[PDB]
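Protein chains in written order, with full-length UniProt numbering: chain G, 2 to 115; chain W, 1 to 209; chain A, 1 to 120; chain E, 2 to 57; chain F, 2 to 122.
Note that the Cβ used here is the ideal one computed from N, Cα and C, for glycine as well.
Shown next, in structure tokens, is the structure this report addresses.
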Amino acid sequence: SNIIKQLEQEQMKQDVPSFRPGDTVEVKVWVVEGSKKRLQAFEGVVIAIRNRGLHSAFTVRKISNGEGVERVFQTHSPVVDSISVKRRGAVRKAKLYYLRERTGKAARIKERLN
Amino acid sequence: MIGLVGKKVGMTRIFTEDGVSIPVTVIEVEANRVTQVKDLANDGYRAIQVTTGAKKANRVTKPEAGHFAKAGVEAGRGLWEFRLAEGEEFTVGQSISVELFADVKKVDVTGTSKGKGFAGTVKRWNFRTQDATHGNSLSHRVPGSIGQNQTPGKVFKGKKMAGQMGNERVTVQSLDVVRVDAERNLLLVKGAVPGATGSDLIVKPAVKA
Amino acid sequence: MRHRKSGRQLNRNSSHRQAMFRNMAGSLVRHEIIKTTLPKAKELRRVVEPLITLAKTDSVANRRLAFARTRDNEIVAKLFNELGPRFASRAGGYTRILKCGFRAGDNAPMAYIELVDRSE
Amino acid sequence: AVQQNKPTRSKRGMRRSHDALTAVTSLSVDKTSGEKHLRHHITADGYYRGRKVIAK
Amino acid sequence: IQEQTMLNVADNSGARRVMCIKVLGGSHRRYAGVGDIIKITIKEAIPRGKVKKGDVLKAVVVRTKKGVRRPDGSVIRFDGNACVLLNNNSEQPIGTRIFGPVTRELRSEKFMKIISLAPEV
RNA sequence: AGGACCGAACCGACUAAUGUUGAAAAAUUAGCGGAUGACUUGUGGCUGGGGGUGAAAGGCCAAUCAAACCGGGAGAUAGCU
RNA sequence: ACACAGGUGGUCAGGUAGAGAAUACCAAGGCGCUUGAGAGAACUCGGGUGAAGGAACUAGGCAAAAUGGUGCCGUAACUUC
RNA sequence: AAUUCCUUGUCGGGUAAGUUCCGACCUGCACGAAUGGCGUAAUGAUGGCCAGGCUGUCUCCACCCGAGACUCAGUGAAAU
RNA sequence: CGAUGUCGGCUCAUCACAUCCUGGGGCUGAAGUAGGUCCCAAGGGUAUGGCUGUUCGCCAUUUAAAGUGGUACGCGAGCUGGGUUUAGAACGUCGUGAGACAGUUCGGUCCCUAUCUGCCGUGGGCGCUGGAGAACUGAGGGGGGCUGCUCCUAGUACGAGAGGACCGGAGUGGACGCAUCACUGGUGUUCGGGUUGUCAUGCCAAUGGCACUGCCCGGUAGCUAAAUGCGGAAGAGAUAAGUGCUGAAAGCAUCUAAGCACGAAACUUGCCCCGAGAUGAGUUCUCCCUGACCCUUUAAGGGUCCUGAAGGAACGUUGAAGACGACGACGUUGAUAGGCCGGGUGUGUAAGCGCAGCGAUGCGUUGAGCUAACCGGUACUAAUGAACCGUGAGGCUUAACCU
């Protein structure tokens, strides 16, 4: 609509980096415990939706202590403060759910457009 | 207190600075125009009749055109009326309407529900289906017993059966306002609100508040 | 129930609907005027007009696409050579429906559907 | 699933009250040729309002 | 998350797989989140530990496949539910070492002392 | 080699659903058992009702069986409706 | 009883994939099943797919879901070998 | 116990929990030796119990694909 | 007895109070906490499994609580068919035997297209007194009515200690209900892709058909819970049990005889929905019609000419409206639907060519082609001008005002 997304244009971040599914991106997120707050890191292979606008999602998968953890992120949230590319990966699919259940199998790296 | 009338636009999220991400229903409110003021001498109740919209002036009939032309003119999409208790209002239109919802904290939203039509017992009420497998010839989703044998001999009036679900006024109470903005001409309320998109809503300051 | 859903089932399954609209689009492109039942004609125009718009810009890939749907080389040639070169100055609206009386066997609201620029 | 008593001819006619057909009440003469046709329809002389849209 | 749900055990003394047999609290409480205390029976057990197969006792969940929804709209989901064994009388953990990631939603009362032993919060 | 194994035609009929004024007066669908044998099938013949035939269930003997059908004694008898 | 989703003996037997007369698409050949047209409610029939749990359902794992080929490795209590 | 009325006998196993199952004891209401007793590999669309895999059986239902139901034109029954 | 289907379970309930919880009180051998017993109160709430066909009962683990009873021991033209209660077969017992048992064991066909009442939803006619468009008042009627844990007050009162409050506030849950799709997800046989067998498009290439959508991998709009917002109170009036003030009959006493004052989730309201067929048919605001005659009983009409108003309807394009009606948007003074253009979204680098490699295949062009129901515009197509219904100033009697 015209009138919706005028309220969203001010809300979306203009600093979101370019990503594709298959990359091993790293997300720094604000964690508060008391009055004090701290950045926590999270790095893993992404299974990201393409943006639906202000509403957006980056499902990032990482096996940390032997248990697989998949945590989605609103891309335009104030809780997420920095997303970094790190590795650049190449896959054919858009969603890597079939490539999430196997253990110790990693997406490859391609130099360009990935 | 009088409650202004609006049109549903959609739902959006507003991220707070903390990051709480509350849902928001955007209710577009044009400037309400008071058409007729009712007082105890003309009829024993107090109210203002309010129009909102812009009709095409080919679909307006002459009886509505004369009533619009009386007491300050603006063609509108319809007429509504809100009862009033403690104040006094003019017979002309008001200029900006959302600024009286500006100071308030909790609103009360009324609108028509979406038409689910002829819906059965399991969809209309929270009924249970009968079992899917162990026998059950032709009786999975069906209503069960509608009565109590011969001593009543009849079916009671409150008996829940299949019928129309939807297209009724449903009112959500104590809804919390997020913001107002006269220049964007909007009223933003947290969470779910009755209505299809493009349906007219009656937001009032909350009776429980 | 259905809300903001489009497409007419026409009391058919999906394979038969696609085959019908392939044959019906082919017959309309060939003869430039066919007689149909009314909802068949409405869905037929929703099928026919994208193929004519696809025929407006000629390339090998567009001909391969318009052979993938409507699956006949003569209709492909007729479209890409003389139906769309005529509608090049026209932006949409390549079809016109004229309601008629009801058919004699069953009361079906019957309607011609014709191309706006007819060769005949 | 059967009746216990026979419905009367009054009750049958009372039920048959609502299904009586309606006349169309309006026939539009076409502009180009003076043919009474149903509204938004071909006059079966080949004509819509403007012209002879179908040869047949 | 439900009656007759097998869960793994995230601590050392609690052993192998447990099945949870009642979701505690509530009149008809169908579901257990992350913070919620459940009643388990021990279906499988290692030989060494203090628990044994076939005893009733309490547990707190720590991980779910459904996961837990943060206020921003995000959800953190795991592959495999898990529970941390707690004593029946006092609800403190039996085990010494907590294994695997444990979420942030159990910052209340004894689950803080679970958090201190947890590797990743 | 095999009253051997898996499995189609063929014979059968354990389960569920649909039908129950049916598509069908015993069936359709999805599975199911036997499948070189005490198998299955075509044509013809024989056994006739206190009789036949029965790997035996009161089973079968023309949609009928603890006694077939058709005609006769016959308008049996009915302290019952 | 019927222009009836049932029953009826024998013969021939093309291709590709396949052990095959299974099965999938097809040659020769024959059909579209003697009411159609709309719309796309509850409810019923036949199917498809489901977050988390996995028989907690129930008289009962009834129904569904699963499993399935070829080659090789490997294979227990018991036994009339 | 295909046989036990008392009887859900008592003890043990399995389960968080077991009138069914399995192993025992023998107080056999009212087993028992070709009216056959006890055991038994293989077999069974056989009865009872348990485990794994699997799942809409279920918690708790949601959507979708078709055939009716609904509307129109034609023909047009039934028990009562 | 020319037929009233039998235990239990599933689905759905409704009622009584002889009340399980929650609400209020009296006594207590009631210190507190927790009880015991009795009175008032029916507003809401009142587990999940193991065993067994079981009702019941035992057992596990919950809960504030896991109430008692009526309704053909509620409900089989709503379901099941385990139990019982047909025909087969067997055990123990009885009988010489045919057979038999409230014994025991394996197997065993549950039909119906709703006429009337009754409910659940929707229309058509007429009425309401001239005819239309809306907006309301509220006689009524329905829905809702549950509650745990923690923290403060407060380790206060009480209590030797142990322990541990009344009243009043504040959060956070459990079941229930309404709404909605911004999020998390499901479905998404109408979008994209991968791939097997075969057939065709003359063959390579590229595609289409069929095999459940052939099998899968994702997924738009819509529908949706498992997701997300909100909600059952605050507060009034009159009370039940109770507790009272003043006060006599009866110089005292006494809550009562007079007068007065508190008191519960019960009653009447307060909240949400229907609602003037509320025939007692209500109110307010606006719009529209004020011409000629003829005959006739003249408790009054009928007919003819002229004119058809406001508005409704019919038809078409349609809808987050819908079984059909209905309701809502639009009809060229036009964005009502299809197409078109632009974006978005979803797949994931189309086709064509060229390069590399023996070839399978890879690379460049290139986040490329295709894109649904999405969003913003745009008259290209279909919404024809007529035509139809509805008229011509709206009865009598009485009372007030003007004349």
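Residue nearest to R103(A) in terms of C-alpha spacing, selected from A111(A), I97(A), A25(A): For the purposes of this step, residue 103(A) is taken as residue 103 along the third sequence, with counting starting at 1. For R103(A), the nearest C-alpha among the options comes from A111(A).
Cβ separation of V92(G) and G23(G), assumed to be a contact under 8 Å, to the nearest whole Å: Sequence index remark: in the first sequence, residue 92(G) carries index 91 (1-based). Sequence index remark: in the first sequence, residue 23(G) carries index 22 (1-based). In this structure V92(G) touches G23(G) by the C-beta definition: roughly 4 Å separates them, less than 8 Å.
CB contact below 8 Å: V178(W) versus chain F: Along the second sequence, one-based indexing puts residue 178(W) at 178. No, because no Cβ of chain F sits closer than 8 Å to the Cβ of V178(W).
Close beta carbons around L58(F), own chain, < 6 Å, minus the five adjacent residues each side: For the purposes of this step, residue 58(F) is identified with residue 57 of the fifth sequence, where counting begins at 1. For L58(F), where only same-chain residues beyond five positions count, the Cβ hits under 6 Å are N89.
As assigned by DSSP and simplified to three states, the class of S83(G): Translated into positions along the first sequence, residue 83(G) becomes position 82. Three-state result, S83(G): strand.
Cβ of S57(G) within 8 Å of any chain F Cβ: As a working note, residue 57(G) is residue 56 in the first sequence. Interface residue (Cβ-Cβ distance to chain F less than 8 Å): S57(G) is not classified as such.
Proximity test, Cβ basis, 8 Å: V54(E) and chain A: Taking the first residue of the fourth sequence as position 1, residue 54(E) is located at position 53. For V54(E), the answer is yes, since a Cβ of chain A falls inside 8 Å of its Cβ.
Cβ neighbours of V76(A) in the same chain (closer than 7 Å, five flanking residues each side left out): Residue 76(A) sits at position 76 when you count from the first residue of the third sequence. So the qualifying residues of the chain are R63, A66, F67.
Interfacial residues, the region 116-128 of chain W to chain A, with Cβ spacing under 7 Å: Within the region 116-128 of chain W, the qualifying residues are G117.
Where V80(G) meets chain F, residues with beta-carbon distance less than 9 Å: Counting from 1 along the first sequence, the entry for residue 80(G) is found at position 79. Those are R71, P72, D73, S75, listed as they occur along chain F.
Integer Cβ distance of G158(W) from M1(A), believed to fall under 8 Å: Reading the second sequence from its first residue, position 158 is the one you call residue 158(W). Reading the third sequence from its first residue, position 1 is the one you call residue 1(A). Contact flag wrong, Cβ pair sits at about 26 Å.
Of the residues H134(W), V189(W), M161(W), the one placed nearest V203(W), counting alpha carbons only: Residue 203(W) sits at position 203 when you count from the first residue of the second sequence. It is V189(W) whose Cα lies nearest to the Cα of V203(W).
Contact between the region 100-109 of chain G and the region 136-154 of chain W (3+ Cβ pairs under 8 Å): Contact between the region 100-109 of chain G and the region 136-154 of chain W is not established, with fewer than three Cβ pairs separated by less than 8 Å.
Supposed close pair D108(W), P205(W) - CB separation, criterion 8 Å: Residue 108(W) sits at position 108 when you count from the first residue of the second sequence. Residue 205(W) sits at position 205 when you count from the first residue of the second sequence. In this structure, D108(W) and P205(W) form a Cβ contact; the two beta carbons are roughly 7 Å apart against a cut-off of 8 Å.
Contact list for the region 90-111 of chain A against chain E, Cβ threshold 7 Å: The residues in question are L98, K99, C100, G101.
8 Å Cβ cutoff, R13(W) in contact with chain G: Counting from 1 along the second sequence, the entry for residue 13(W) is found at position 13. Yes, its Cβ sits closer than 8 Å to a Cβ of chain G.
Any chain F beta carbon closer than 8 Å to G10(W): Looking up residue 10(W) in the second sequence gives position 10. Using beta-carbon distances, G10(W) does not count as an interface residue toward chain F, since no partner is under 8 Å.
Where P205(W) falls: helix, strand or coil (DSSP): Locating residue 205(W) in the second sequence gives position 205, counting from the first residue. The answer is strand: DSSP assigns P205(W) an E or B state.
Simplified DSSP state of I115(F), which is helix, strand or coil: On the fifth sequence, position 114 is the one that residue 115(F) refers to. For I115(F), the secondary structure class from DSSP, reduced to helix, strand or coil, is helix.
C-alpha gap between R30(A) and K5(A), whole angstroms: For the purposes of this step, residue 30(A) is taken as residue 30 along the third sequence, with counting starting at 1. For the purposes of this step, residue 5(A) is taken as residue 5 along the third sequence, with counting starting at 1. When rounded, the distance between both Cα atoms is 31 Å.
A41(A), DSSP secondary structure in three states: Here residue 41(A) refers to the residue found at position 41 of the third sequence. Residue state, collapsed to three classes: helix.
Beta-ladder partner(s) of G90(G), from DSSP: Walking along the first sequence from the start, residue 90(G) turns up at place 89. Under DSSP, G90(G) takes part in a beta bridge, and its partners are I110(G).
Any beta strand (DSSP E) of 3 or more consecutive residues that is wholly inside the region 17-65 of chain F: Scanning the region 17-65 of chain F for uninterrupted beta strand (DSSP E) segments of 3 residues or longer gives 18-24, 38-43, 57-64, listed from N- to C-terminal end.
Per-residue contacts from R64(F) into chain G (C-beta, under 8 Å): Walking along the fifth sequence from the start, residue 64(F) turns up at place 63. Those within 8 Å of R64(F) in chain G are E68.
6 Å CB neighbourhood of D117(A) in its chain, flanking five on each side removed: Numbered from 1 along the third sequence, position 117 holds the residue referred to as residue 117(A). Spatial neighbours of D117(A) in its own chain (CB-CB distance under 6 Å, excluding positions within 5 residues in sequence) are listed in chain order as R86.
C-beta neighbour in chain G for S199(W), strict 8 Å: Residue numbering aside, residue 199(W) sits at position 199 when the second sequence is read from its first letter. With 8 Å as the cut-off, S199(W) does not count as an interface residue toward chain G.
Identity of the residues DSSP links to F118(W) by a beta bridge: For the purposes of this step, residue 118(W) is taken as the residue at position 118 of the second sequence. The partner list for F118(W) (beta bridge, DSSP) reads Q164(W).
Among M7(F), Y32(F), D73(F), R78(F), nearest to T65(F) - alpha-carbon criterion: The residue given as residue 65(F) occupies position 64 in the fifth sequence. Distances from the CA of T65(F) to each of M7(F), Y32(F), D73(F), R78(F) were compared; the closest alpha carbon is that of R78(F).
Nearest neighbour of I27(W), chosen from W125(W), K208(W), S97(W), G115(W) [CA to CA]: By 1-based counting over the second sequence, the position of residue 27(W) is 27. Comparing Cα positions, the closest option is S97(W).
Any chain F beta carbon closer than 8 Å to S139(W): Here the question's residue 139(W) lines up with position 139 in the second sequence. Interface with chain F (8 Å Cβ-Cβ cutoff): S139(W) is excluded.
Minimum Cβ-Cβ distance from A45(E) to chain A less than 8 Å: Reading the fourth sequence from its first residue, position 44 is the one you call residue 45(E). Chain A, which has a Cβ nearer than 8 Å to the Cβ of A45(E), makes this yes.
Exposed unless 16 or more other CB atoms sit within 10 angstroms - verdict on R169(W): Along the second sequence, one-based indexing puts residue 169(W) at 169. It counts as exposed.
Rounded straight-line distance, which links the Cα of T61(W) to that of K154(W): The residue labelled residue 154(W) in the question sits at position 154 within the second sequence. The residue labelled residue 61(W) in the question sits at position 61 within the second sequence. Inter-residue distance for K154(W) and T61(W) is about 49 Å (C-alpha atoms, whole angstroms).
Environment of residue 1(G) [buried if 16+ CB atoms lie within 10 Å]: Outside the shown range of chain G (2 to 115) lies residue 1(G), about which nothing can therefore be said.
Burial state of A54(W) (16 or more Cβ within 10 Å): Taking the first residue of the second sequence as 1, we reach residue 54(W) at position 54. Exposed, by the Cβ-count rule.
The region 39-48 of chain F contacting the region 19-27 of chain F, beta-carbon criterion three pairs below 8 Å: Touching, yes.
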